[PDB]
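Student: Here it is, the structure, as structure tokens.
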Amino acid sequence: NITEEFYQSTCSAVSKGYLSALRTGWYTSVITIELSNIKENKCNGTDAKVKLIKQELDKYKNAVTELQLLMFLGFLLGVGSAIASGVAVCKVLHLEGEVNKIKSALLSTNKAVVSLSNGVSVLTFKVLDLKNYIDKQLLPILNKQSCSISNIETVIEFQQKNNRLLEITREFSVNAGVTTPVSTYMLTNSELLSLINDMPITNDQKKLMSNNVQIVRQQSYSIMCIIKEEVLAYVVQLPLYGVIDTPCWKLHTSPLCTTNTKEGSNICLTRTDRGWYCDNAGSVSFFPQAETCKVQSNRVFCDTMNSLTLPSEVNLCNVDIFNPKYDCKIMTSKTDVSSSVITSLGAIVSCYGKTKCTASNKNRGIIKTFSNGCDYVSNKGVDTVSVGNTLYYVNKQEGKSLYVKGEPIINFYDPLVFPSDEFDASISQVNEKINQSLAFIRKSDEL
Amino acid sequence: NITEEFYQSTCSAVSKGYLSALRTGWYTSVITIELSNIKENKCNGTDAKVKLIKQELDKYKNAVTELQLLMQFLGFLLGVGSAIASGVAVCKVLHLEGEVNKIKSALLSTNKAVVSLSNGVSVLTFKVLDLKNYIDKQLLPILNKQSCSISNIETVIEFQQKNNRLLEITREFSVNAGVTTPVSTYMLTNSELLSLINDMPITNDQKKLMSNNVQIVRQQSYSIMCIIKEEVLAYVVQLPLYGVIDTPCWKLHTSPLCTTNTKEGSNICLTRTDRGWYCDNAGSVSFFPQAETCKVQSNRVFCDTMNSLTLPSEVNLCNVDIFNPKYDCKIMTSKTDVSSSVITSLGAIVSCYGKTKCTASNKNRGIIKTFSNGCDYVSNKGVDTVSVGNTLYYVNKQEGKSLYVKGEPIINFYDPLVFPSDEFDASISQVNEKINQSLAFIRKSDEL
Amino acid sequence: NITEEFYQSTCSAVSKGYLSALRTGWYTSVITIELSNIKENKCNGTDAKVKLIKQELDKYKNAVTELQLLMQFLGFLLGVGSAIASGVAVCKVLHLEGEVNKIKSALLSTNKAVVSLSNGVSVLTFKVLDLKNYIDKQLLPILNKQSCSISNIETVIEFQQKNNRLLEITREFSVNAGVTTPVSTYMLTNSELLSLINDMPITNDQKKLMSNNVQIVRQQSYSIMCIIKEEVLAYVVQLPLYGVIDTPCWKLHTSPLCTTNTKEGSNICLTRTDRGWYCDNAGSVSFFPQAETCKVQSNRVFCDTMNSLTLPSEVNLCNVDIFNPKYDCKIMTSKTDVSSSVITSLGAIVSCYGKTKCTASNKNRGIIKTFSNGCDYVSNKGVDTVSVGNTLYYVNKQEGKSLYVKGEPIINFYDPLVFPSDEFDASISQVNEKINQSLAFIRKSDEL
Ligand SMILES: [Cl-]
Ligand SMILES: [Cl-]
């Protein structure tokens with residue numbers, strides 16, 4: 001199911017066999033909580049039971065009032081406006097009579113599809129009806145028995161209904177009205193599964209979102225919207241996955257240096273194009289910041305806004321870094337430091353200088369001692385790896401790894417002309433800079 | 001109200017008309033919760049209501065004990081501060097002998113008093129929860145009377161409600177190691193925070209600004225755990241005070257500008273690095289490179305000056321003439337011809353290079369513009385989304401006028417044979433002098 | 001016992017006397033909650049007391065079901081690890097056949113037992129909540145007796161208290177995608193965690209360290225949700241083990257050092273990049289470049305070795321003599337003379353250049369020092385704030401002696417005509433060899 005190749009020639013490794021789930025767009029949904037504005041609580045505070053509902057009722061009013069008061073290579077990626085879509089939906093909701101459409105469509109059911117004034121149709125959802133609870137069940141009970149409640153179960157039932165509205169207020173109050181991930185107080189699990197199931201999307205998409213709701217939360221926003229008339233409404237902005245089931249691979253890179261004994265005589269080179277790569281629509285979406293992608297089993301959830309769009313020929317850097325069809329990215333240094341990069345199925349170890357680097361087994365201890373240079377170890381017989389004072393645990397996911405033998409590419413560069421401070425360079429950039437610096441030495445010799 | 005200009009010559013855009021609200025300093029206030037230490041829970045016995053009171057007291061007793069164990073580009077130029085040094089310093093002053101009693105006696109009759117500490121600084125104090133009096137004078141007398149049995153379940157709830165806040169405070173301090181941000185509503189309720197702002201020694205404009213944006217004030221505040229000694233738990237709430245308000249501010253968006261020849265690697269690239277927020281401030285210009293550290297509410301920009309550089313007002317000249325002689329505009333150079341888009345306050349910049357497919361779309365029309373190679377720009381009026389390669393951008397739909405400033409792309413004025421394309425923190429004149437110095441060495445060799 | 005030295009020659013400062021607490025490895029423990037399968041919820045009847053238990057039971061059932069659906073500078077030199085690879089690997093072992101029965105049978109009589117897993121690993125197990133027996137033996141009989149009606153409000157509340165923890169565990173795992181950090185008090189209560197520490201196979205020195213700093217131990221821990229199989233919910237709590245304790249540590253603060261020429265762009269700059277934390281560790285020195293990943297409690301520094309480079313002890317020589325021959329000290333060079341301040345442990349380094357106003361103030365006296373151009377330093381004794389441009393810094397008020405080491409700024413020893421001003425990852429000897437090669441290129445041409 002999952003495979004990995006280590007390229008000793010360039011001190012890097014590729015894990016393949018992953019499937020894609022790229023967030024490509026947004027669905028905006030309108031979630032409503034119906035509230036009731038209560039005029040005068042002209043009750044007494046003598047009976048113990050009345051005090052609790054009266055104080056619980058004061059708690060509610062403050063929450064309603066409080067909400068009204070509220071109204072490498074990563075640097076290439078570019079800038080988006082993460083919630084411009086949902087906020088756009090929110091701005092439409094402030095228009096005259098647009099709130100009434102929502103409220104009347106949710107008069108008989110708790111879920112409805114509404115056509116907005118600008119023409120876009122958006123799923124609607126009444127998730128909590130506190131107005132009706134107060135107006136028809138609590139306030140009538142209260143007045144009848146001379147403003148006192150003779151049943152402790154009545155106060156608790158209200159504290160439970162009110163509790164969610166209070167916890168929603170706490171979240172918008174600490175997040176300035178835009179939260180992520182969408183909490184279970186904003187959208188309960190059943191509501192989110194109902195939203196996905198009622199969304200205008202593929203059955204492949206619905207199944208994906210429904211089996212991975214936890215990931216759907218993490219990629220979702222809750223945008224607090226309006227409190228007008230008798231309804232509080234907030235927009236839940238859900239990710240729709242327009243690219244699914246395409247091959248994905250992760251590139252891991254580590255520094256590749258010479259191994260001379262002279263302290264500073266060494267030269268280094270590292271591939272900068274580390275991150276996730278997924279095929280989608282004939283090109284390759286590249287995700288440099290690999291921490292923004294989430295892996296579930298073998299599915300990679302990435303966001304195209306944190307991606308570059310690359311030609312399919314990018315994969316050629318894995319077959320031959322000196323190909324003329326794509327100029328592979330590298331950085332160059334003279335900093336021969338030891339480190340390790342843990343991959344999907346093993347460990348890359350860049351062991352240089354006098355640093356002690358070993359690979360250990362849980363039942364045997366140290367089972368390999370690395371020599372200077374860049375090496376790799378499969379996760380089969382190995383459980384941990386130590387480079388200096390740092391112990392790394394290796395991933396224990398099962399899968400075949402293959403060690404691709406090769407002469408280290410750093411040996412093909414001459415130390416006298418090597419540019420050792422290039423962060424955003426390439427094979428072709430360093431080649432022509434050697435030619436330019438090596439030819440400058442020819443002009444003096446022909447002299 | 002709010003305007004934006006795109007400078008086609010420099011592949012950048014400026015959003016104008018924003019107002020400032022710069023965090024310039026800190027107010028520290030002492031928030032206290034009065035507890036009562038109860039030695040032992042000597043009513044061991046079975047009874048439905050009694051069992052609940054015992055468990056509620058044990059939760060409370062553990063909460064006190066748990067608290068006691070607790071006490072025993074261009075961003076890289078900004079420099080380093082000590083974010084809570086002000087509050088932590090005030091916290092240490094409360095550890096001095098008799099300093100808690102000064103606070104405690106001043107808050108005996110009211111819940112709010114100004115105390116002069118031993119070091120001389122006056123700090124607002126605030127008793128937010130009086131559990132000592134509740135337990136000593138209302139619950140323990142009720143409990144003891146009937147040999148720890150209570151004929152009123154309503155007594156358990158009232159205590160469980162009162163105790164709830166103290167429990168959540170302990171929960172927050174227990175995973176945050178005594179420093180939380182933003183300040184939660186368990187540490188400071190919305191009403192308590194509005195009451196602090198109203199009593200703080202600040203302007204009526206300042207009181208109004210803080211009060212209408214309490215969610216922002218929370219997000220910019222720290223809550224620093226202090227002491228739980230004698231019958232007082234005290235923590236310091238460090239609130240931001242906004243010493244610079246309503247000064248003109250603008251946001252600079254930049255994107256890479258490259259050549260567009262068909263040969264893959266013969267291309268040159270150029271990007272303005274000075275993106276971020278700029279506010280007039282005391283005759284100078286406060287520059288915030290990290291635009292993620294600033295919060296915009298409608299038209300007000302809340303920034304924190306410790307994440308700023310202090311620049312001369314002539315920085316704004318880079319927008320009217322990048323080659324002006326009066327300020328050396330910062331740029332970076334590359335040979336990395338990648339396609340991207342940068343969404344602005346009022347539109348979209350598109351860096352479309354190579355064979356990448358770049359379009360701008362309307363919700364009512366589909367694709368309405370296809371970008372050619374180069375840097376181009378679109379206003380948010382008719383456009384809802386922008387697509388650069390496999391990435392779809394949504395555009396902000398905020399209202400405002402856009403202006404396209406036509407100009408020849410600046411990258412054409414450089415010679416590709418002598419262009420230094422590896423400078424990360426360079427400038428107009430640095431690229432000039434490195435070309436002039438590299439151009440003269442080839443001139444001096446040819447004279448031979 | 002904290003001291004600090006300011007090296008005026010290199011515009012840097014070292015804070016020493018801190019003690020180490022380095023995470024070197026991980027302990028994985030199994031925390032289980034025992035659940036009961038609810039088959040037939042045949043309760044009808046709209047009665048206030050009945051409704052609460054039925055709705056509370058649906059919360060428990062939904063939470064169980066919800067959890068089951070869940071299963072279906074110089075920082076850039078550092079390596080990348082798999083933070084929870086150790087804990088997750090233990091989690092895969094629990095999916096093996098009969099592995100839960102060993103756990104379930106070992107935790108039958110006590111809530112704490114050491115289980116030998118199938119792979120051979122011995123793991124602490126911990127039953128923290130027994131909902132099965134509560135529901136099966138205490139609640140359902142009471143519930144059933146009166147035909148789904150409960151005549152005692154205390155029984156429904158006792159269930160809400162029992163059920164609440166499982167509900168919050170589910171709430172945390174559902175928004176954190178089954179892996180949380182820090183380990184909240186719901187995942188592991190304070191007393192449970194102390195019991196974990198006392199039973200771990202670690203030193204008495206180690207146990208004492210973890211026990212007095214549980215707030216840090218949580219923050220360095222992961223809780224990884226595992227299985228709901230048989231009638232048990234299990235999650236793995238991955239606790240840090242500190243294999244290096246009490247070795248000396250020091251923090252290096254660095255700031256830009258520039259020339260003080262009058263011509264705007266005639267200036268040169270130089271900064272030590274090796275800023276961060278340093279701890280002695282097994283004959284070498286562990287270097288943590290991102291100093292924000294380390295947490296300081298009083299005088300102890302908690303760092304994580306996965307974010308460190310392993311350096312020779314001779315790195316400390318960069319503090320006594322930046323041109324020493326035994327270690328090539330790292331620096332970056334620029335032409336960007338912008339003013340800033342770095343707050344240190346015991347004072348403030350101030351890089352004041354151009355027309356920026358830089359001062360140090362007292363709370364009782366106002367401005368007490370105005371900085372001249374160059375890199376200067378101020379101790380936290382007489383100073384409370386430092387102001388650089390429109391930026392006000394508060395200084396740490398921790399007590400301790402500072403030593404100002406007078407020295408000629410190293411930047412003066414360079415000739416601006418041959419100085420390489422675009423080096424970000426360079427060093428003393430690299431800049432030397434680049435000047436020497438650029439100076440020999442200029443000498444051999446004149447001999448022509
Ligand atoms: Cl001003
Ligand atoms: Cl089960």
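Ligands are numbered from 1 in the order shown, chains are lettered A, B, ... in the order of the structure tokens, and residues start at 1 in each chain.
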Please give the complete set of residues from region 155-291 of chain A that DSSP, run on the backbone, assigns to helix (DSSP H, G or I), formatted as a VMD selection string.
Tutor: chain A and resid 155 to 175 189 to 198 203 to 211 213 to 218 290 to 291
Student: Should the cut-off be 9 Å, what would the residue list for chain A against chain B look like, counting only C-alpha atoms, as a PyMOL selection string?
Tutor: chain A and resi 24-25+48-49+52+66+69-71+75-85+87-88+91+119-120+152+170+172-177+280-281+283-285+303-311+325-327+422-426+428-429+443
Student: Which residues form the shell of 9 Å around ligand 2 when you count only C-alpha atoms and all ligand atoms, given as a list in words?
Tutor: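 Based on only C-alpha atoms and all ligand atoms, ligand 2 is surrounded within 9 Å by residues 34, 35, 36, 37, 38, 64, 65, 68, 228, 229, 230, 231, 232 and 233 of chain C.
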Student: Write the residues you've just listed into a file as a short mmCIF file (atom, residue, chain, number, x, y, z; two decimals), in the first residue's frame, and include C-alpha atoms for each of them.
Tutor:
```
data_model
loop_
_atom_site.label_atom_id
_atom_site.label_comp_id
_atom_site.auth_asym_id
_atom_site.auth_seq_id
_atom_site.Cartn_x
_atom_site.Cartn_y
_atom_site.Cartn_z
CA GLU C 34 -14.63 1.27 30.92
CA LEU C 35 -17.98 1.70 29.12
CA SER C 36 -21.25 -0.22 28.99
CA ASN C 37 -23.14 -1.07 25.80
CA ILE C 38 -26.72 0.25 25.95
CA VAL C 64 -19.71 6.52 22.59
CA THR C 65 -20.96 6.40 19.01
CA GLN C 68 -16.41 5.09 17.28
CA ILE C 228 -13.21 1.52 21.68
CA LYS C 229 -13.20 -2.27 21.64
CA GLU C 230 -14.73 -4.72 24.05
CA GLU C 231 -16.46 -2.46 26.59
CA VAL C 232 -13.42 -0.24 27.15
CA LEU C 233 -12.23 3.10 25.76
#
```
Student: Which residues, written as a PyMOL selection string, have at least one atom at most 8 Å from region 411-414 of chain C, with only C-alpha atoms counted and residues fewer than 2 positions away on the same chain left out?
Tutor: chain C and resi 257-259+268-270+408-409+416+419
Student: Can I get the selected residues back with N, CA, C and O atoms, as a short mmCIF file (atom, residue, chain, number, x, y, z; two decimals), in the first residue's frame?
Tutor:
```cif
data_model
loop_
_atom_site.label_atom_id
_atom_site.label_comp_id
_atom_site.auth_asym_id
_atom_site.auth_seq_id
_atom_site.Cartn_x
_atom_site.Cartn_y
_atom_site.Cartn_z
N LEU C 257 24.78 44.92 15.10
CA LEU C 257 25.92 45.77 15.40
C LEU C 257 26.31 46.46 14.11
O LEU C 257 26.69 45.79 13.15
N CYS C 258 26.16 47.78 14.05
CA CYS C 258 26.43 48.53 12.83
C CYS C 258 27.41 49.67 13.07
O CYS C 258 27.60 50.14 14.19
N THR C 259 28.01 50.12 11.97
CA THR C 259 28.83 51.32 11.98
C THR C 259 27.96 52.54 12.25
O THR C 259 26.73 52.50 12.16
N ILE C 268 27.53 49.64 7.62
CA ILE C 268 27.76 48.21 7.58
C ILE C 268 27.13 47.61 8.83
O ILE C 268 27.03 48.29 9.86
N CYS C 269 26.66 46.37 8.73
CA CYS C 269 26.03 45.72 9.88
C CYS C 269 26.53 44.29 10.01
O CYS C 269 27.01 43.66 9.07
N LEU C 270 26.42 43.79 11.24
CA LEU C 270 26.93 42.47 11.59
C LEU C 270 26.18 41.97 12.83
O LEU C 270 26.14 42.68 13.83
N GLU C 408 35.73 46.93 21.88
CA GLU C 408 35.62 47.68 20.64
C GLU C 408 34.69 46.95 19.69
O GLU C 408 34.91 45.76 19.42
N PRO C 409 33.66 47.60 19.16
CA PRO C 409 32.73 46.92 18.25
C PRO C 409 33.46 46.27 17.08
O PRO C 409 34.22 46.91 16.36
N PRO C 416 34.77 48.77 4.64
CA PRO C 416 33.50 48.74 3.90
C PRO C 416 33.65 48.52 2.41
O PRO C 416 32.65 48.22 1.74
N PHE C 419 33.63 44.48 2.01
CA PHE C 419 32.75 43.77 2.93
C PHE C 419 31.59 43.10 2.18
O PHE C 419 30.86 43.80 1.47
#
```
Student: For chain B, list the residues within 9 Å of chain C, counting only C-alpha atoms, and write the list as a PyMOL selection string.
Tutor: chain B and resi 24-25+48-49+52+66+69-70+72+76-86+88-89+92+120-121+153+171+173-178+281-282+284-286+304-312+328+422-426+429-430
Student: Restricting the calculation to only C-alpha atoms, which member of A:343, A:161, A:138, A:111 is positioned closest to residue 55 (chain C)?
Tutor: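 Result for the nearest residue to residue 55 (chain C): A:161.
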Student: Within 12 Å of residue 447 (chain C), counting only C-alpha atoms, which residues qualify if same-chain residues fewer than 6 places away don't, as an NGL selection string?
Tutor: (:A and (444)) or (:C and (440-441))
Student: Only N, CA and C atoms, please: the residues just picked out, written as an mmCIF file, in the first residue's frame.
Tutor:
```cif
data_model
loop_
_atom_site.group_PDB
_atom_site.id
_atom_site.type_symbol
_atom_site.label_atom_id
_atom_site.label_comp_id
_atom_site.auth_asym_id
_atom_site.auth_seq_id
_atom_site.Cartn_x
_atom_site.Cartn_y
_atom_site.Cartn_z
ATOM 1 N N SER A 444 42.425 35.785 -16.431
ATOM 2 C CA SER A 444 43.715 36.146 -15.855
ATOM 3 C C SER A 444 44.813 35.211 -16.338
ATOM 4 N N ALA C 440 42.310 39.877 -2.897
ATOM 5 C CA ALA C 440 43.336 39.392 -3.818
ATOM 6 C C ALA C 440 42.933 39.638 -5.265
ATOM 7 N N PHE C 441 41.636 39.568 -5.560
ATOM 8 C CA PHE C 441 41.153 39.934 -6.886
ATOM 9 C C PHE C 441 41.429 41.398 -7.195
#
```
Student: As a quick test: using only C-alpha atoms and all ligand atoms, which residues lie no more than 9 Å away from ligand 1? Give them as a list in words.
Tutor: residues 243, 244, 245, 246, 247, 280, 281, 282, 283 and 284 of chain B
Student: From a DSSP calculation on the backbone, collect every residue of region 135-340 of chain A in strand (DSSP E or B) and output the set as a compact mmCIF listing (two decimals) with N, CA and C atoms, in the first residue's frame.
Tutor:
```
# COMPACT_ATOMS: atom_id res chain seq x y z
N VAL A 178 -14.73 34.85 14.76
CA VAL A 178 -14.31 33.90 13.72
C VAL A 178 -13.49 32.81 14.39
N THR A 179 -14.02 31.58 14.40
CA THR A 179 -13.40 30.45 15.07
C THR A 179 -12.95 29.40 14.05
N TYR A 221 -14.45 26.97 9.13
CA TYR A 221 -14.55 28.20 9.90
C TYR A 221 -15.98 28.43 10.33
N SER A 222 -16.13 29.07 11.48
CA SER A 222 -17.41 29.56 11.95
C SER A 222 -17.33 31.07 12.03
N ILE A 223 -18.16 31.75 11.25
CA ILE A 223 -18.09 33.19 11.14
C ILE A 223 -19.37 33.74 11.74
N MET A 224 -19.25 34.38 12.90
CA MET A 224 -20.41 34.99 13.56
C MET A 224 -20.97 36.08 12.66
N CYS A 225 -22.31 36.19 12.61
CA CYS A 225 -22.89 36.94 11.50
C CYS A 225 -23.80 38.09 11.96
N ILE A 226 -25.05 37.78 12.35
CA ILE A 226 -26.04 38.80 12.68
C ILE A 226 -26.86 38.37 13.89
N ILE A 227 -27.33 39.36 14.65
CA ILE A 227 -28.37 39.16 15.66
C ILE A 227 -29.44 40.22 15.39
N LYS A 228 -30.43 39.87 14.60
CA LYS A 228 -31.44 40.82 14.18
C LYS A 228 -32.77 40.10 14.24
N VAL A 231 -33.63 36.13 15.70
CA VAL A 231 -32.74 35.05 15.29
C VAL A 231 -31.29 35.49 15.41
N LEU A 232 -30.45 34.63 15.98
CA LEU A 232 -29.01 34.72 15.83
C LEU A 232 -28.59 33.75 14.74
N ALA A 233 -27.83 34.24 13.77
CA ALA A 233 -27.37 33.41 12.68
C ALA A 233 -25.86 33.54 12.57
N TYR A 234 -25.18 32.41 12.35
CA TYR A 234 -23.76 32.42 12.03
C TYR A 234 -23.50 31.50 10.85
N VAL A 235 -22.49 31.84 10.07
CA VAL A 235 -22.15 31.09 8.87
C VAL A 235 -21.10 30.04 9.22
N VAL A 236 -21.34 28.80 8.82
CA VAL A 236 -20.34 27.75 8.91
C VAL A 236 -19.79 27.51 7.51
N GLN A 237 -18.50 27.76 7.33
CA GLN A 237 -17.83 27.66 6.03
C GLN A 237 -17.12 26.32 5.95
N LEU A 238 -17.67 25.41 5.17
CA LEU A 238 -17.18 24.05 5.06
C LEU A 238 -16.31 23.87 3.82
N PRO A 239 -15.27 23.05 3.96
CA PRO A 239 -14.39 22.74 2.83
C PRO A 239 -15.04 21.73 1.90
N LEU A 240 -15.01 22.00 0.60
CA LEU A 240 -15.40 20.99 -0.37
C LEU A 240 -14.16 20.50 -1.12
N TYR A 241 -14.03 19.18 -1.24
CA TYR A 241 -12.83 18.53 -1.76
C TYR A 241 -13.05 18.21 -3.23
N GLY A 242 -12.60 19.13 -4.10
CA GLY A 242 -12.77 18.99 -5.53
C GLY A 242 -11.78 18.09 -6.21
N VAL A 243 -10.73 17.66 -5.52
CA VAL A 243 -9.74 16.71 -6.04
C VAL A 243 -9.62 15.57 -5.04
N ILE A 244 -9.97 14.37 -5.47
CA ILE A 244 -10.00 13.19 -4.61
C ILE A 244 -9.40 12.02 -5.36
N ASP A 245 -8.67 11.16 -4.65
CA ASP A 245 -8.20 9.87 -5.13
C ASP A 245 -7.12 9.98 -6.21
N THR A 246 -6.35 11.17 -6.27
CA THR A 246 -5.19 11.21 -7.15
C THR A 246 -3.93 10.83 -6.39
N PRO A 247 -2.90 10.31 -7.05
CA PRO A 247 -1.70 9.88 -6.32
C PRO A 247 -1.00 11.05 -5.65
N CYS A 248 -0.52 10.82 -4.43
CA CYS A 248 0.24 11.82 -3.70
C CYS A 248 1.51 11.19 -3.16
N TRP A 249 2.55 12.00 -3.09
CA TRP A 249 3.82 11.56 -2.53
C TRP A 249 4.43 12.70 -1.74
N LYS A 250 5.16 12.33 -0.71
CA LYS A 250 5.86 13.27 0.15
C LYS A 250 7.35 13.15 -0.13
N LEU A 251 8.01 14.29 -0.33
CA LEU A 251 9.45 14.35 -0.50
C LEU A 251 10.10 14.79 0.81
N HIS A 252 10.98 13.96 1.36
CA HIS A 252 11.80 14.32 2.50
C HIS A 252 13.23 14.56 2.05
N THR A 253 13.84 15.65 2.53
CA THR A 253 15.20 16.02 2.17
C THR A 253 16.03 16.28 3.42
N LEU A 256 23.33 17.17 2.32
CA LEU A 256 24.32 16.26 1.75
C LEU A 256 25.63 17.02 1.62
N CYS A 257 26.63 16.61 2.40
CA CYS A 257 27.89 17.33 2.53
C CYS A 257 29.06 16.42 2.21
N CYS A 268 28.32 21.63 1.27
CA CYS A 268 27.00 21.05 1.51
C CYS A 268 25.98 21.49 0.48
N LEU A 269 24.96 20.65 0.34
CA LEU A 269 23.91 20.83 -0.65
C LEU A 269 22.67 20.09 -0.17
N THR A 270 21.51 20.76 -0.19
CA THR A 270 20.24 20.17 0.23
C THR A 270 19.13 20.56 -0.73
N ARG A 271 18.29 19.59 -1.07
CA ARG A 271 17.09 19.86 -1.85
C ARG A 271 16.09 20.65 -1.02
N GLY A 275 8.21 18.56 0.85
CA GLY A 275 6.80 18.79 1.07
C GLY A 275 5.96 17.75 0.36
N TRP A 276 4.66 18.04 0.24
CA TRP A 276 3.71 17.14 -0.41
C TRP A 276 3.53 17.51 -1.87
N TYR A 277 3.34 16.49 -2.71
CA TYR A 277 3.06 16.67 -4.13
C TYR A 277 1.86 15.80 -4.49
N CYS A 278 0.84 16.40 -5.11
CA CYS A 278 -0.31 15.65 -5.60
C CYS A 278 -0.60 16.02 -7.04
N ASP A 279 -0.83 15.00 -7.87
CA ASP A 279 -1.39 15.20 -9.20
C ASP A 279 -2.81 15.75 -9.10
N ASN A 280 -3.13 16.75 -9.93
CA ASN A 280 -4.51 17.22 -10.00
C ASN A 280 -4.67 18.04 -11.26
N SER A 283 -1.51 18.81 -13.85
CA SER A 283 -0.34 19.46 -13.27
C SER A 283 -0.09 18.84 -11.90
N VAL A 284 0.81 19.46 -11.13
CA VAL A 284 1.15 18.98 -9.79
C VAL A 284 0.99 20.10 -8.79
N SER A 285 0.12 19.90 -7.80
CA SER A 285 0.02 20.83 -6.69
C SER A 285 1.08 20.47 -5.65
N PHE A 286 1.92 21.44 -5.32
CA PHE A 286 3.05 21.28 -4.42
C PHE A 286 2.76 22.03 -3.14
N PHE A 287 2.87 21.33 -2.01
CA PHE A 287 2.63 21.93 -0.70
C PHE A 287 3.92 21.99 0.09
N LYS A 294 -2.83 17.20 6.51
CA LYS A 294 -3.19 16.20 7.51
C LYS A 294 -3.36 14.84 6.86
N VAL A 295 -2.70 13.84 7.43
CA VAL A 295 -2.72 12.47 6.92
C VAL A 295 -3.62 11.61 7.80
N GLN A 296 -4.63 11.00 7.18
CA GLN A 296 -5.46 9.99 7.81
C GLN A 296 -5.22 8.68 7.06
N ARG A 299 -4.69 8.90 3.29
CA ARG A 299 -5.25 10.05 2.59
C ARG A 299 -4.61 11.32 3.12
N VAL A 300 -4.23 12.20 2.21
CA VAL A 300 -3.56 13.44 2.50
C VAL A 300 -4.57 14.56 2.27
N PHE A 301 -4.94 15.26 3.34
CA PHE A 301 -5.83 16.41 3.24
C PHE A 301 -4.96 17.65 3.15
N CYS A 302 -4.91 18.27 1.99
CA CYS A 302 -4.16 19.49 1.84
C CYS A 302 -5.09 20.60 1.38
N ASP A 303 -4.56 21.82 1.40
CA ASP A 303 -5.31 23.00 1.02
C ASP A 303 -4.56 23.68 -0.13
N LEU A 308 1.74 25.47 -4.53
CA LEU A 308 2.15 25.95 -5.84
C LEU A 308 1.61 25.00 -6.89
N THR A 309 1.36 25.54 -8.08
CA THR A 309 0.91 24.74 -9.21
C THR A 309 2.11 24.52 -10.13
N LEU A 310 2.54 23.27 -10.24
CA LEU A 310 3.76 22.91 -10.93
C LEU A 310 3.51 21.98 -12.11
N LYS A 329 15.41 22.59 -7.51
CA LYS A 329 15.77 23.58 -6.51
C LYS A 329 16.67 23.00 -5.44
N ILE A 330 17.70 23.77 -5.08
CA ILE A 330 18.65 23.39 -4.05
C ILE A 330 19.07 24.64 -3.29
N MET A 331 19.61 24.41 -2.10
CA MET A 331 20.34 25.42 -1.36
C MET A 331 21.73 24.87 -1.08
N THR A 332 22.69 25.77 -0.98
CA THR A 332 24.09 25.41 -0.82
C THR A 332 24.65 26.07 0.42
N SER A 333 25.55 25.37 1.10
CA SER A 333 26.11 25.88 2.34
C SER A 333 27.48 25.27 2.54
N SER A 339 22.16 15.94 11.42
CA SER A 339 20.73 15.99 11.72
C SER A 339 20.10 14.72 11.17
N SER A 340 18.81 14.55 11.42
CA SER A 340 18.07 13.46 10.83
C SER A 340 16.67 13.92 10.44
```
